[PDB]
Amino acid sequence: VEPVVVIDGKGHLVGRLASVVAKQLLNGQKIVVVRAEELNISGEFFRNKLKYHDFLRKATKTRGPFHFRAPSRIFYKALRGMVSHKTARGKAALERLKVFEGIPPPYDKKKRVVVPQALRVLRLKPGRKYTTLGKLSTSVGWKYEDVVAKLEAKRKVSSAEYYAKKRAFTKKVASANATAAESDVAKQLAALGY
Amino acid sequence: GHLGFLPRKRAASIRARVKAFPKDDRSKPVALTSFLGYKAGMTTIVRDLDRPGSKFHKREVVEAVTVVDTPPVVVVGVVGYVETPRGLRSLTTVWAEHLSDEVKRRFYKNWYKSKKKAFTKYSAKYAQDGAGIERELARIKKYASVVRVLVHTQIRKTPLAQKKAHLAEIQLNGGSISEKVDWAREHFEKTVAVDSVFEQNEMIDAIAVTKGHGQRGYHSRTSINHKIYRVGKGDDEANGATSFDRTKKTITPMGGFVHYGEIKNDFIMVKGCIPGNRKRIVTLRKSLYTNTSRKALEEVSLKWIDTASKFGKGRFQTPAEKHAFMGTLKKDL
RNA sequence: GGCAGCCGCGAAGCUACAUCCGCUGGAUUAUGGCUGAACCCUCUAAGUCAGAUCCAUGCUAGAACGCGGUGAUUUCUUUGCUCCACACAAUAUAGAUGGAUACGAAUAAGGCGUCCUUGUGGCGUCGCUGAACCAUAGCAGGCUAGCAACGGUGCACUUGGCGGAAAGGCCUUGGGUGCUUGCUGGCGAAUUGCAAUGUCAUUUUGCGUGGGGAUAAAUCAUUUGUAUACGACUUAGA
RNA sequence: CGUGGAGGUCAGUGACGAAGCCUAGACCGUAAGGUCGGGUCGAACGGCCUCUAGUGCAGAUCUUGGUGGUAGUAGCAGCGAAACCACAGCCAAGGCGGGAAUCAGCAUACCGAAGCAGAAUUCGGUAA
RNA sequence: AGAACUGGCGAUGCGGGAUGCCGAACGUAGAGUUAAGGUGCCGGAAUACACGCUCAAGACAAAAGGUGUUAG
RNA sequence: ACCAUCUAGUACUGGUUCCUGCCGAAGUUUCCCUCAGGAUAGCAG
């Protein structure tokens with residue numbers, strides 16, 4: 001297993017993703033979450049928004065409830081309740097977790113991962129309403145969504161050129177393999193499985 | 001009591017921290033988004049009310065106006081900022097090669113005891129072909145989004161025993177941040193006048209620390225919708241050179257400004273009073289946007305200006321008034 | 001008037017019956033419509049326009065258990081401080097024991113190679129798991145011989161570009177120097193006795209040399225008066 | 001099991017150190033406890049078979065004596081207590097219970113309807 | 001609001017139900033299977049399979065209505 | 001009002017001291033006009 005695993009929040013579900021991340025953390029696995037602003041939650045926007053606004057006013061009285069606005073912090077709070085926090089084991093587990101909006105460096109130049117069982121599209125029935133989380137964060141007080149999108153747009157650029165270069169390299173490698181075919185070594189490898 | 005203006009804990013410095021700027025106009029020519037100065041006493045001014053439908057419409061009306069002791073703003077550097085998901089961040093700071101003694105004093109409390117090793121080796125880096133101090137401009141151009149000029153006030157011109165300089169950042173109105181940094185660099189060590197930014201009838205806002213009653217008072221406050229009535233130039237003479245009262249005198253009250261504020265530099269007249277008392281540094285801003293109301297758009301003239309001293313109740317306007325009625329004054333003549 | 005005050009003028013402060021000012025943008029709802037089924041109709045089921053509650057602009061404080069940049073880094077604690085090269089110890093790991101092995105977008109479709117009369121296009125085809133890809137052979141990895149290429153790669157340099165979101169990394173030209181298991185040979189492996197993780201990673205700190213770099217700042221004092229219940233704050237001075 | 005005393009025994013131990021005291025050193029008995037080594041100690045004690053009783057303490061607003069916070073606080077730059085003291089306390093609710101130190105206090109309008117011409121009025125919803 | 005009665009405490013541990021009825025009634029230990037109760041995390045256990053339901057619930061109100069959804 | 005004795009009086013609070021094993025309930029009835037008392041009915045040796 002990789003020393004650190006980066007999980008793409010795009011098209012994912014907050015609940016299942018948080019549960020699996022917490023379970024892995026308790027097992028002693030380092031995990032990082034990126035593109036958290038694109039995470040999704042089941043149900044329509046109104047239901048999710050009300051469930052969060054009511055939380056902000058449930059009182060402990062500022063010592064307890066905090067009107068935390070960052071969507072990454074909201075996800076951390078969601079995962080916080082799934083871990084045995086306020087203890088050495090639970091607190092140490094949370095130390096192996098980081099959440100960043102978008103994909104800041106150096107995670108950009110590294111292969112991200114997705115959880116097949118935490119995909120919003122995979123587990124959510126088609127045709128049913130869902131919440132993009134970004135709108136909820138913007139409505140509840142978050143104001144960095146515009147800047148997040150603006151600096152993520154540059155992320156798609158440059159990365160596209162890198163993908164094009166890798167595509168050309170793979171084209172050359174495939175051509176070399178195709179012309180390399182029919183060789184004695186290749187024939188022996190094919191016979192012996194490989 | 002106001003809920004917004006609580007708690008009443010005192011401000012941490014005499015200078016009021018500005019934390020808002022008039023957006024960023026990408027089409028306007030390069031200009032300063034705010035101005036810095038010092039607050040003097042207060043005076044009285046009368047003008048014609050061109051406001052239509054007013055009870056005193058088309059009639060002379062007296063209005064209370066304060067005077068801000070404005071020293072020339074000399075540029076010492078510029079600061080660039082880049083947008084980030086963690087909020088605005090200052091990526092790099094640069095200075096105008098040379099720094100005056102007043103600016104260096106800002107970093108020192110025991111300046112006399114200290115060996116005076118203020119900005120010096122930094123100037124040595126500038127004392128060459130440039131290299132790093134020139135590549136900083138390119139770095140700012142490449143990534144910066146909003147650029148704030150760094151300037152200080154000519155404290156030694158102000159009649160203040162404290163010769164320590166006061167400096168603050170000012171955003172640049174003009175877009176094309178390349179032009180922002182180019183203009184800032186060209187204006188290094190240059191002197192900027194009030195006319196280069198503000199203008200007559202402009203609805204500026206004032207921010208400063210409130211008076212301390214000796215905890216009530218001594219807290220930062222922002223006052224908006226204040227109209228300038230006349231750009232003042234105290235460096236010259238005959239500041240009262242209005243269209244009326246052709247007996248030119250000086251805005252300085254008899255015997256000087258009460259308590260403090262003997263004007264010896266540029267000044268500005270602003271409608272109403274300003275938070276804080278004299279000796280307090282006050283920053284001026286264009287008030288985000290200009291209201292279209294007549295009270296904010298109409299232009300006003302000026303006439304009578306009170307010059308009697310306030311070291312008591314006030315009576316004599318000029319020293320030449322003392323004659324005729326007093327007869328003989330052997331003690332003097 | 002030395003002692004104890006009184007009639008006119010008036011501050012110095014206490015301190016109001018004195019004066020000015022007190023802002024513009026979004027998403028909604030109740031509600032009014034559009035398209036359009038459920039079954040002619042329908043503001044609703046898929047969406048949408050107008051439109052007060054929530055957030056923005058602004059103001060106030062600033063995590064004293066948040067963050068970025070910047071003025072300078074003891075000339076003798078016997079290089080005192082700092083960054084480096086080598087060099088011996090302590091210190092421990094929230095826990096290596098080959099490789100975080102980089103597009104985007106949809107999930108009632110997207111790639112890959114090609115064509116081009118360049119498009120939401122045509123053709124062949126891939127998924128149905130990474131159950132893979134890159135590497136992996138040598139005393140835990142040595143010496144040396146021969147063949148084919150000057151390819152692969154460990155490492156000291158050098159020309160240049162990109163990366164400001166937490167850029168602190170990505171490389172690129174040219175040789176230099178080892179290996180090359182791509183192929184064919186000659187050397188030593190033993191005794192740890194039938195195994196005892198059989199010790200190979202760095203996190204921090206301490207002491208011993210040489211290769212450079214710079215040599216300052218704060219408190220009290222003195223005092224200030226914008227401040228001032230007392231702290232505190234604001235200053236001037238080799 | 002153990003403490004005070006007594007009958008018989010160990011021809012028992014002990015100034016070459018017994019009683020008592022401490023032990024973050026050990027052993028045994030699951031228990032009342034016993035044993036050993038070490039630091040002080042300076043004059044008598046221990047096991048065994050029996051007899052005997054003023055024989056085992058955490059309480060009793062217990063008795064006698066000693067000792068802490070309070071506290072260098074009121075107090076008289078001084079001189080030095082008392083009261084009180086199992087220990088608690090920052091709140092969300094039910095089983096009657098989610099951080100240094102000192103200085104300063106104890107409502108208006110927005111929609112639809114009325115034979116609502118206008119003015120003006122009433123009603124159903126939003127909302128305090 | 002008294003009441004004639006039959007199982008259970010008082011003297012009752014332990015597992016489960018966040019905490020106050022179910023299981024099971026007790027020497028000190030090693031090994032294996034279970035009761036109640038559970039198998040997304042806190043929480044040791046299958047984000048197990050199969051048939052439909054539901055858009056706001058879900059771990060005294062059922063007297064009545066819905067152009068809410070699916071069957072005879 | 002105080003001082004010493006009869007008086008250490010007149011039945012409701014508080015406390016009731018070392019250890020281990022075994023057995024081990026009851027909370028109700030009987031007989032007198034009850035709460036005061038006992039014969040016992042039952043449980044436990």
# chains A, B, ... in the order shown; residues from 1 in each chain; ligands from 1
>>> residues_around(residues="residue 303 (chain B)", least_positions_apart="2", cutoff="10 Å", atoms="only C-alpha atoms (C1' of nucleotides)", output="MDAnalysis selection string")
chainID B and resid 45:48 60 62 240:246 301 305:306
>>> write_last_selection(atoms="N, CA and C atoms", output="PDB file, in the first residue's frame")
ATOM      1  N   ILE B  45     -17.115  77.207   8.427  1.00  0.00           N
ATOM      2  CA  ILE B  45     -17.177  77.629   7.035  1.00  0.00           C
ATOM      3  C   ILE B  45     -18.636  77.827   6.649  1.00  0.00           C
ATOM      4  N   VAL B  46     -18.871  78.784   5.757  1.00  0.00           N
ATOM      5  CA  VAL B  46     -20.203  79.069   5.240  1.00  0.00           C
ATOM      6  C   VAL B  46     -20.157  78.976   3.722  1.00  0.00           C
ATOM      7  N   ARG B  47     -21.278  78.563   3.134  1.00  0.00           N
ATOM      8  CA  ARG B  47     -21.352  78.349   1.698  1.00  0.00           C
ATOM      9  C   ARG B  47     -22.789  78.549   1.238  1.00  0.00           C
ATOM     10  N   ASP B  48     -22.954  78.657  -0.079  1.00  0.00           N
ATOM     11  CA  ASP B  48     -24.268  78.801  -0.688  1.00  0.00           C
ATOM     12  C   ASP B  48     -24.884  77.424  -0.891  1.00  0.00           C
ATOM     13  N   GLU B  60     -26.955  81.548   1.960  1.00  0.00           N
ATOM     14  CA  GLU B  60     -25.721  81.235   2.668  1.00  0.00           C
ATOM     15  C   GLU B  60     -26.041  80.511   3.969  1.00  0.00           C
ATOM     16  N   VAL B  62     -24.100  78.305   7.357  1.00  0.00           N
ATOM     17  CA  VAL B  62     -22.875  77.997   8.083  1.00  0.00           C
ATOM     18  C   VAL B  62     -22.804  76.496   8.318  1.00  0.00           C
ATOM     19  N   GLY B 240      -6.847  81.411   2.410  1.00  0.00           N
ATOM     20  CA  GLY B 240      -8.198  81.931   2.318  1.00  0.00           C
ATOM     21  C   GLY B 240      -8.436  82.728   1.053  1.00  0.00           C
ATOM     22  N   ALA B 241      -7.752  82.357  -0.030  1.00  0.00           N
ATOM     23  CA  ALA B 241      -7.895  83.058  -1.299  1.00  0.00           C
ATOM     24  C   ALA B 241      -9.147  82.600  -2.035  1.00  0.00           C
ATOM     25  N   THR B 242     -10.303  82.702  -1.383  1.00  0.00           N
ATOM     26  CA  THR B 242     -11.561  82.329  -2.007  1.00  0.00           C
ATOM     27  C   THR B 242     -12.064  83.465  -2.897  1.00  0.00           C
ATOM     28  N   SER B 243     -13.179  83.219  -3.590  1.00  0.00           N
ATOM     29  CA  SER B 243     -13.794  84.267  -4.394  1.00  0.00           C
ATOM     30  C   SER B 243     -14.331  85.402  -3.534  1.00  0.00           C
ATOM     31  N   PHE B 244     -14.693  85.120  -2.287  1.00  0.00           N
ATOM     32  CA  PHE B 244     -15.210  86.108  -1.354  1.00  0.00           C
ATOM     33  C   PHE B 244     -14.129  86.480  -0.348  1.00  0.00           C
ATOM     34  N   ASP B 245     -14.392  87.547   0.403  1.00  0.00           N
ATOM     35  CA  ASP B 245     -13.500  88.004   1.463  1.00  0.00           C
ATOM     36  C   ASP B 245     -12.090  88.233   0.921  1.00  0.00           C
ATOM     37  N   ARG B 246     -11.971  89.233   0.046  1.00  0.00           N
ATOM     38  CA  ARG B 246     -10.680  89.557  -0.550  1.00  0.00           C
ATOM     39  C   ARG B 246      -9.812  90.324   0.441  1.00  0.00           C
ATOM     40  N   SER B 301     -19.274  76.320  -2.842  1.00  0.00           N
ATOM     41  CA  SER B 301     -18.272  77.363  -2.726  1.00  0.00           C
ATOM     42  C   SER B 301     -17.949  77.585  -1.249  1.00  0.00           C
ATOM     43  N   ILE B 305     -14.465  82.364   6.936  1.00  0.00           N
ATOM     44  CA  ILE B 305     -13.747  81.371   7.724  1.00  0.00           C
ATOM     45  C   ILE B 305     -13.390  82.004   9.060  1.00  0.00           C
ATOM     46  N   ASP B 306     -13.740  81.328  10.151  1.00  0.00           N
ATOM     47  CA  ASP B 306     -13.446  81.852  11.478  1.00  0.00           C
ATOM     48  C   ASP B 306     -11.959  81.710  11.778  1.00  0.00           C
TER      49      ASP B 306
END
>>> select_by_dssp(residues="region 7-174 of chain A", states="strand (DSSP E)", output="CSV table (one decimal) with N, CA and C atoms, in the first residue's frame")
chain,number,residue,atom,x,y,z
A,7,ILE,N,-7.4,11.0,-1.9
A,7,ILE,CA,-8.8,10.6,-2.3
A,7,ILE,C,-9.4,11.9,-3.0
A,8,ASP,N,-10.0,11.7,-4.2
A,8,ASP,CA,-10.6,12.7,-4.9
A,8,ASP,C,-12.1,12.8,-4.5
A,30,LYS,N,-2.5,6.4,6.4
A,30,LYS,CA,-2.5,7.9,6.1
A,30,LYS,C,-3.3,8.1,4.8
A,31,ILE,N,-4.2,9.1,4.9
A,31,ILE,CA,-5.1,9.4,3.8
A,31,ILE,C,-5.3,11.0,3.7
A,32,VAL,N,-5.4,11.5,2.5
A,32,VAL,CA,-5.5,12.9,2.2
A,32,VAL,C,-6.7,13.0,1.3
A,33,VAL,N,-7.5,14.1,1.5
A,33,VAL,CA,-8.7,14.4,0.7
A,33,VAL,C,-8.5,15.6,-0.1
A,34,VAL,N,-8.8,15.6,-1.4
A,34,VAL,CA,-8.6,16.7,-2.3
A,34,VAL,C,-10.0,16.9,-3.1
A,41,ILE,N,-23.7,15.2,-1.2
A,41,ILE,CA,-24.5,14.7,-0.1
A,41,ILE,C,-25.9,14.3,-0.6
A,42,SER,N,-26.4,13.2,-0.2
A,42,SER,CA,-27.7,12.7,-0.6
A,42,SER,C,-28.8,13.7,-0.2
A,97,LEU,N,-4.7,12.8,8.7
A,97,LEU,CA,-5.7,13.3,7.7
A,97,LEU,C,-5.5,14.7,7.4
A,98,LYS,N,-5.7,15.1,6.1
A,98,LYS,CA,-5.6,16.5,5.7
A,98,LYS,C,-6.7,16.7,4.6
A,99,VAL,N,-7.3,17.8,4.6
A,99,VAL,CA,-8.4,18.2,3.6
A,99,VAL,C,-8.0,19.5,3.1
A,100,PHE,N,-8.0,19.6,1.7
A,100,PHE,CA,-7.7,20.8,1.0
A,100,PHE,C,-8.7,21.0,-0.1
A,130,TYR,N,-29.8,15.6,-5.5
A,130,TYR,CA,-28.6,15.5,-4.7
A,130,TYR,C,-28.1,16.9,-4.5
A,131,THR,N,-27.2,17.1,-3.5
A,131,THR,CA,-26.6,18.4,-3.2
A,131,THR,C,-25.1,18.4,-3.5
>>> residues_around(residues="region 109-122 of chain D", least_positions_apart="2", cutoff="9 Å", atoms="only C-alpha atoms (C1' of nucleotides)", output="NGL selection string")
(:C and (30-32 or 52)) or (:D and (124-126))
>>> write_last_selection(atoms="N, CA and C atoms (P, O5', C5', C4', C3', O3' and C1' of nucleotides)", output="PDB file, in the first residue's frame")
ATOM      1  P     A C  30     -43.399  28.944  -2.008  1.00  0.00           P
ATOM      2  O5'   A C  30     -44.401  29.979  -1.327  1.00  0.00           O
ATOM      3  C5'   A C  30     -44.993  29.693  -0.068  1.00  0.00           C
ATOM      4  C4'   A C  30     -45.788  30.866   0.449  1.00  0.00           C
ATOM      5  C3'   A C  30     -46.744  31.512  -0.540  1.00  0.00           C
ATOM      6  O3'   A C  30     -47.962  30.802  -0.678  1.00  0.00           O
ATOM      7  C1'   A C  30     -45.501  33.192   0.558  1.00  0.00           C
ATOM      8  P     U C  31     -48.441  30.298  -2.127  1.00  0.00           P
ATOM      9  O5'   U C  31     -48.490  31.632  -2.997  1.00  0.00           O
ATOM     10  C5'   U C  31     -49.302  32.726  -2.598  1.00  0.00           C
ATOM     11  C4'   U C  31     -49.004  33.966  -3.405  1.00  0.00           C
ATOM     12  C3'   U C  31     -49.060  33.812  -4.916  1.00  0.00           C
ATOM     13  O3'   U C  31     -50.383  33.856  -5.425  1.00  0.00           O
ATOM     14  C1'   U C  31     -47.112  35.013  -4.310  1.00  0.00           C
ATOM     15  P     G C  32     -50.745  33.121  -6.808  1.00  0.00           P
ATOM     16  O5'   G C  32     -50.140  34.081  -7.925  1.00  0.00           O
ATOM     17  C5'   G C  32     -50.730  35.344  -8.204  1.00  0.00           C
ATOM     18  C4'   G C  32     -50.002  36.057  -9.315  1.00  0.00           C
ATOM     19  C3'   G C  32     -49.842  35.273 -10.608  1.00  0.00           C
ATOM     20  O3'   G C  32     -50.999  35.319 -11.425  1.00  0.00           O
ATOM     21  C1'   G C  32     -47.768  36.238 -10.009  1.00  0.00           C
ATOM     22  P     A C  52     -38.680  41.881  -3.736  1.00  0.00           P
ATOM     23  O5'   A C  52     -39.477  42.291  -2.419  1.00  0.00           O
ATOM     24  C5'   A C  52     -40.057  41.304  -1.577  1.00  0.00           C
ATOM     25  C4'   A C  52     -39.629  41.485  -0.142  1.00  0.00           C
ATOM     26  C3'   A C  52     -38.138  41.343   0.128  1.00  0.00           C
ATOM     27  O3'   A C  52     -37.407  42.519  -0.168  1.00  0.00           O
ATOM     28  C1'   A C  52     -39.348  40.076   1.714  1.00  0.00           C
TER      29        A C  52
ATOM     30  P     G D 124     -59.075  35.845   8.646  1.00  0.00           P
ATOM     31  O5'   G D 124     -58.472  34.994   7.439  1.00  0.00           O
ATOM     32  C5'   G D 124     -58.749  33.606   7.314  1.00  0.00           C
ATOM     33  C4'   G D 124     -57.895  32.958   6.250  1.00  0.00           C
ATOM     34  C3'   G D 124     -56.388  33.104   6.420  1.00  0.00           C
ATOM     35  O3'   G D 124     -55.829  32.164   7.323  1.00  0.00           O
ATOM     36  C1'   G D 124     -56.970  33.698   4.221  1.00  0.00           C
ATOM     37  P     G D 125     -54.543  32.555   8.204  1.00  0.00           P
ATOM     38  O5'   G D 125     -53.327  32.490   7.174  1.00  0.00           O
ATOM     39  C5'   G D 125     -52.867  31.245   6.668  1.00  0.00           C
ATOM     40  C4'   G D 125     -51.739  31.425   5.681  1.00  0.00           C
ATOM     41  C3'   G D 125     -50.489  32.114   6.208  1.00  0.00           C
ATOM     42  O3'   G D 125     -49.637  31.238   6.926  1.00  0.00           O
ATOM     43  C1'   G D 125     -51.094  33.057   4.124  1.00  0.00           C
ATOM     44  P     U D 126     -48.777  31.777   8.172  1.00  0.00           P
ATOM     45  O5'   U D 126     -47.546  32.531   7.498  1.00  0.00           O
ATOM     46  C5'   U D 126     -46.572  31.819   6.749  1.00  0.00           C
ATOM     47  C4'   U D 126     -45.631  32.758   6.036  1.00  0.00           C
ATOM     48  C3'   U D 126     -44.847  33.709   6.928  1.00  0.00           C
ATOM     49  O3'   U D 126     -43.679  33.109   7.463  1.00  0.00           O
ATOM     50  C1'   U D 126     -45.797  34.910   5.115  1.00  0.00           C
TER      51        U D 126
END
>>> residues_around(residues="residue 178 (chain C)", least_positions_apart="5", cutoff="12 Å", atoms="only C-alpha atoms (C1' of nucleotides)", output="MDAnalysis selection string")
chainID C and resid 153:155
>>> write_last_selection(atoms="N, CA and C atoms (P, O5', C5', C4', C3', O3' and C1' of nucleotides)", output="PDB file, in the first residue's frame")
ATOM      1  P     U C 153      17.239   5.719 -18.209  1.00  0.00           P
ATOM      2  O5'   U C 153      18.085   5.483 -16.879  1.00  0.00           O
ATOM      3  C5'   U C 153      17.660   4.544 -15.903  1.00  0.00           C
ATOM      4  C4'   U C 153      18.809   4.087 -15.039  1.00  0.00           C
ATOM      5  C3'   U C 153      19.524   5.176 -14.254  1.00  0.00           C
ATOM      6  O3'   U C 153      18.855   5.529 -13.057  1.00  0.00           O
ATOM      7  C1'   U C 153      21.121   3.822 -15.343  1.00  0.00           C
ATOM      8  P     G C 154      19.234   6.890 -12.290  1.00  0.00           P
ATOM      9  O5'   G C 154      20.437   6.471 -11.334  1.00  0.00           O
ATOM     10  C5'   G C 154      20.213   5.642 -10.202  1.00  0.00           C
ATOM     11  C4'   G C 154      21.443   5.547  -9.333  1.00  0.00           C
ATOM     12  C3'   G C 154      22.141   6.861  -9.022  1.00  0.00           C
ATOM     13  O3'   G C 154      21.521   7.583  -7.973  1.00  0.00           O
ATOM     14  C1'   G C 154      23.744   5.247  -9.673  1.00  0.00           C
ATOM     15  P     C C 155      21.276   9.165  -8.116  1.00  0.00           P
ATOM     16  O5'   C C 155      22.743   9.784  -8.099  1.00  0.00           O
ATOM     17  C5'   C C 155      23.588   9.628  -6.968  1.00  0.00           C
ATOM     18  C4'   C C 155      24.968  10.176  -7.228  1.00  0.00           C
ATOM     19  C3'   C C 155      25.030  11.591  -7.781  1.00  0.00           C
ATOM     20  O3'   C C 155      24.898  12.580  -6.774  1.00  0.00           O
ATOM     21  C1'   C C 155      26.489  10.186  -9.012  1.00  0.00           C
TER      22        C C 155
END
>>> residues_around(residues="region 47-50 of chain E", least_positions_apart="6", cutoff="10 Å", atoms="only C-alpha atoms (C1' of nucleotides)", output="ChimeraX atom specification")
/A:16,19-20,117-118 /E:39-40
>>> write_last_selection(atoms="C-alpha atoms (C1' of nucleotides)", output="PDB file, in the first residue's frame")
ATOM      1  CA  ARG A  16     -19.604   6.758   3.177  1.00  0.00           C
ATOM      2  CA  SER A  19     -16.800   6.420   7.329  1.00  0.00           C
ATOM      3  CA  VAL A  20     -14.250   4.600   5.168  1.00  0.00           C
ATOM      4  CA  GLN A 117     -18.149   2.125  -2.765  1.00  0.00           C
ATOM      5  CA  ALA A 118     -18.313   5.843  -1.853  1.00  0.00           C
TER       6      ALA A 118
ATOM      7  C1'   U E  39     -22.321  -6.880  12.012  1.00  0.00           C
ATOM      8  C1'   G E  40     -21.027   1.749   7.977  1.00  0.00           C
TER       9        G E  40
END
